[PDB]
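Counting starts at 1 for both ligands and their atoms, in listed order. Position 1 is the first residue of the sequence, and the numbers go up from there.
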Amino acid sequence: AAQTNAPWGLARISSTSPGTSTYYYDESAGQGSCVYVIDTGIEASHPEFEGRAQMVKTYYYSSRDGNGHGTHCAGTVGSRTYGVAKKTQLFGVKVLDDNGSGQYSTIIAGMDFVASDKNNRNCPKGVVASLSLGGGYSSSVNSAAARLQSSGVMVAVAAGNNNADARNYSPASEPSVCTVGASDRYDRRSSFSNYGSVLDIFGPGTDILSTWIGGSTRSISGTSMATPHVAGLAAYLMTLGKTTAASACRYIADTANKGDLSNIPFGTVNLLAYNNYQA
Ligand SMILES: O=[Se](=O)([O-])[O-]
Ligand SMILES: [Ca+2]
Ligand SMILES: [Ca+2]
Ligand SMILES: [Ca+2]
Ligand SMILES: [Ca+2]
């Protein structure tokens with residue numbers, strides 16, 4: 001399948017070269033998979049989600065996304081226009097308040113929640129969790145992410161936006177999950193992207209168009225935007241039967257575009273998420 005005039009990041013994930021604008025992907029499109037977006041919520045009523053999104057948990061007075069961040073990330077996972085995996089099921093877990101903030105205790109509970117809640121959902125092709133969030137190093141937060149992964153969920157987490165080594169941030173620094181850095185449309189490391197040995201992969205993260213609250217769209221930047229590209233890619237590849245939740249991060253690294261990013265510090269992987277889709 002071909003989506004013309006796609007957001008650059010979608011075109012990038014199905015290309016061996018920067019500078020194209022069509023996204024190519026197998027029409028299965030992540031059908032039968034599920035992606036949990038653990039964030040500020042998801043505006044499930046957005047036409048872009050086509051009834052495939054729903055809120056399943058909140059720790060606050062509403063399950064509504066009063067911020068936009070979670071809706072944007074969910075859009076990059078699975079919206080019809082802005083998403084990687086255009087037929088996946090999206091589940092929102094609101095661990096961040098409408099200011100985009102959340103206590104680590106709440107974030108941990110949300111991860112635990114997903115590990116169990118997947119047993120209440122129909123996801124025959126597998127389960128992914130996307131965590132576009134983080135803060136300073138916490139062994140408890142890392143352990144929660146490790147448990148979620150161990151439970152059979154492909155966990156993708158943002159590296160962080162500190163232009164620093166991700167070793168000092170969580171859940172970025174948990175080795176067993178998929179830690180995602182950000183690139184731009186010219187295949188440069190995004191100016192803000194964290195780096196380091198713990199990164200597994202880069203995805204598009206600068207100037208990413210997606211859904212926003214109030215039935216709208218906007219372009220924003222962050223490792224938060226790169227992460228859902230990788231989460232959606234995992235769901236897509238799992239639906240194709242090419243990999244599993246336990247092995248998807250490694251598979252994505254194996255099959256990535258290699259050596260094509262600039263300003264990658266010595267000792268950080270030079271790997272850009274790629275679907276290797278061949279019609
Ligand atoms: O190229 Se675009 O319109 O910023 O995705
Ligand atoms: Ca409500
Ligand atoms: Ca450093
Ligand atoms: Ca890892
Ligand atoms: Ca290893």
Side-chain angles (χ1 to χ4, degrees), residues 3-15 17-23 48 72 75-76 79 81-84 128-131 134 136-137 141-143 145-150 153-190 192-212 217-223 225-231 234 243 245-254 256 263-269 271 273:
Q3 175 188 352
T4 53
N5 304 107
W8 78 263
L10 299 191
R12 191 71 194 81
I13 72 166
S14 60
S15 186
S17 296
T20 71
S21 63
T22 307
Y23 175 39
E48 277 282 317
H72 193 277
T76 298
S79 67
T81 306
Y82 311 100
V84 174
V128 181
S130 194
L131 289 108
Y137 180 85
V141 170
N142 285 7
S143 177
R147 290 190 299 275
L148 178 57
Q149 177 69 50
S150 169
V153 176
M154 191 288 178
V155 181
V157 310
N161 298 341
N162 317 97
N163 186 33
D165 198 306
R167 72 159 79 261
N168 284 318
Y169 300 91
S170 290
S173 63
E174 168 49 39
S176 71
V177 301
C178 208
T179 301
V180 183
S183 62
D184 77 15
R185 72 173 73 242
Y186 299 104
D187 283 353
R188 305 179 290 211
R189 180 169 65 87
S190 301
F192 51 77
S193 185
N194 287 349
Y195 52 81
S197 62
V198 74
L199 271 64
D200 296 281
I201 193 65
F202 283 81
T206 300
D207 297 331
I208 305 306
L209 182 60
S210 191
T211 42
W212 200 254
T217 62
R218 65 178 62 185
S219 177
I220 56 166
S221 298
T223 61
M225 285 62 260
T227 301
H229 282 90
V230 171
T243 190
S247 58
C249 187
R250 282 191 294 299
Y251 179 87
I252 289 167
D254 285 351
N263 203 34
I264 300 293
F266 194 82
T268 295
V269 294
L271 298 173

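Between the CG atom in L10 and the CD atom in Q3 there is a gap of 6.0 Å [rounded to 0.5 Å]. Going from atom OG of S17 over to atom CG of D187 covers 8.5 Å, rounded to the nearest 0.5 Å.
Nearest protein heavy-atom neighbour of atom 5 (O) of ligand 1: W8 N, 2.9 Å. Of all protein heavy atoms, the one closest to atom 1 (O) of ligand 1 is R185 NH1, 2.8 Å.
The Ca ion (ligand 4) lies at 3.0 Å or more from every N, O or S atom belonging to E174.
Shown in contact with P7 at under 4.0 Å from a heavy atom are these atoms of ligand 1, numbered in order with element: 5 (O).
Taking a distance limit of 4.0 Å, we find that atom 3 (O) of ligand 1 is approached by no protein heavy atom.
At a cut-off of 3.5 Å, with distance as the only test, no side-chain donor of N5 or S21 sits close to an acceptor on the other residue.
With the Ca ion (ligand 4) at the apex, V177 O and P175 O define an angle of roughly 90° (rounded to 10 degrees).
Checked by atom type and distance alone, the side chain of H229 never pairs as donor or acceptor with a backbone atom of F202 at under 3.5 Å.
Screening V177, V230, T243 for a side-chain contact (heavy atoms from CB on, under 4.5 Å) involving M154 leaves a single residue, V230.
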